[PDB]
């Protein structure tokens, strides 16, 4: 918070993609697009751009050279800071390179990307969105204070053979918490971790929820593992389920403030219905 100008050819490494898309910029090189992170049109568009870093984060220094950038941007997990002071000294031979660190799975992401989209000179819309967020959690937290306190929420997604319950310190779970919304006792075992994991045998764990969000991709479709969860026998017995209070939640990860505001939009729609 507060109290190489005008770049033409930007390479966007991990967490860079969202910044440039939000900025209206076409990047000259990009990390390998995973389709779950983008609207179908954004995925189709990104697939025409040169792939410069793999989904497993190994960087092609020759691809980046070939793309001839003014500016390389990226987000870095703080625990690998040491590894990346080497990477950016190397990369700086090719162009001015800006990494930013973030810590955890909460506000660190939307703040890290706030930075990056300043650097590419989109600082105004970004800052706009940060302020919008801060005003809306203020607005929503008080307007639905009764609902938020009465209601037990849960936010889930499926993995292979197991389902997760997102914690108070990550993705949409953080945003629910900041909002003053209480969440299932299934959450508590997570501790410092971002989620607590359970077997299909343990689905009853969610029986105290009045509303359940499940994570979906940018097109409101669940991945096959979440889909496998919503198909389990025990899932049909949940008070939240048989009461018809199960909803999708797009952009759960909140990689930016625009995305975090779409999460709030979706929480509010569910709040009105109570």
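Numbering follows the first chain given and starts at 1.
- Note on 80 to 88 vs 105 to 113: mean CA B-factor is higher in 80 to 88.
- A summary of the deposited B-factors shows that, of 203 to 211 and 36 to 44, the stretch with the larger mean C-alpha value is 36 to 44.
- When the C-alpha B-factors of 186, 137, 98, 143 are read from the PDB record, the largest value belongs to 98.
- Between the residues 226, 232, 56, 221, the entry's highest C-alpha temperature factor is the one at 56.
- Ranked against the other modelled residues of its chain, the C-alpha B-factor of residue 129 as given in the entry falls in the middle third.
- Residue 237 sits in the middle third of its chain by CA B factor, as recorded in the PDB entry.
- Per the deposited record, the Cα B-factor of residue 177 falls in the lowest third when ranked against the other modelled residues of its chain.
- Sorting the modelled residues of the chain by their CA temperature factor places residue 123 in the highest third.
- In the deposited entry, the Cα temperature factor of residue 249 sits in the bottom third of values across the chain's modelled residues.
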